[PDB]
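Just the one chain here, the form deposited in one PDB entry, laid out as structure tokens.
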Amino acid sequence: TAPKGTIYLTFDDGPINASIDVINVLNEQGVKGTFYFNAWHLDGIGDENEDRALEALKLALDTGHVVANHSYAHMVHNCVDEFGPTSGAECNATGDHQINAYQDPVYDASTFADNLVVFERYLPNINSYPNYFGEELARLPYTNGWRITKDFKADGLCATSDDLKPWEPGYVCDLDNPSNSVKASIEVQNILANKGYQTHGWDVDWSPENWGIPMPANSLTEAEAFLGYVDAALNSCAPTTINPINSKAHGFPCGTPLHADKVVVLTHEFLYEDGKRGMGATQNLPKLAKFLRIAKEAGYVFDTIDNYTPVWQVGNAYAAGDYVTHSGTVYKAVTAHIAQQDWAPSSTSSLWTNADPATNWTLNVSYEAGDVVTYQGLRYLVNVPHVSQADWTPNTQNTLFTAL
């Protein structure tokens, strides 16, 4: 039979000492999580208890959890005048993380690439792990932004600010004229998508109601009530209805088939530590353990973000319009069929089209009039719907494409 739904438990801002305790709680019940890591904790400059950060990274990989890319230093270089070893402490003293969080999108996007270099430096064999998805799965700091398929995208238009924090008096978000930081974050999403990343936001956040609350670890919802929030998010387009306003994923395609019967849960392992943020270990590690227990007894199953878009499999039946990933690339089924080993999705497959959320011109993509592609550094408008092929390059096809 079918589960009540699939929960994707995701943890942000590790690897830190508290990651080990969270992972041990997950391992007690065989639950796998997705960990969006910032490698500056491996360098010891992240202003957390992080001397065991490498142990935490190895533990996550060794016990089956998925490691994803959250950028090297959580955009904290944009929080200070000059980024250095004390920048995390100074941004924590001001609490200005959300202010000017994105500035130069090209440089900001490159800190996701920097993240992978540092991962490999501390763990040279990391790409021999099948659950290392640092190059293919990402999540933008502070931003409930999504890049899943060509027709499944969303952006947090109030995620970050140019001046006032979202919990401060006088804060106003204008959806028609978003902050400069939000507009830069959108460009970061598009740059990552063009490098083959998918980015995932969240439906529910196990966190303080807002990040201005003092001692945030103490105000986490109890496990039973949180399962109630998970229930309420199932098939309800929660990314658009979530509060507060800086957590919303604007433009999220409500009812899109890939999100059916799924809830992505966000939390942070630094909320599960007894320390500067409260009694997180004493209070919240038992909450996490109880939540896993009652969710599984209620009929939920837990899975990792790498399976959010199902991996193509020999012998599976696919309807027209079904989405899969094959070798990390998103494809959509052209015709209903049963997959066989020789009919894997490809750039010349007649059974699939590439449906990556990228915008570079790509082979075997079902383009629509109004789409904009980039090719040889030039942007082109699609005039006529068609499936791209090798000889229909934008620069030679004036009927299909118009250079901007």
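If you superpose the two forms and keep the largest set of C-alpha atoms that fall within 1.5 Å, you have the rigid core. So that there is no doubt, residue numbering starts at 1 and follows the sequence shown.
Keep in mind the form deposited in another entry is missing from the figure; the text below concerns it.
- Note: rigid core superposed between the shown form and the other one; among 254, 317, 215, 260, the CA shift is 2 Å or more only at 215.
- Look at residue 210 and residue 222: in that other deposited form their Cα atoms come 3 Å or more closer than in this form.
- Relative to what is shown, residue 213 and residue 80 are farther apart in that other deposited form; their C-alpha atoms differ in spacing by at least 3 Å.
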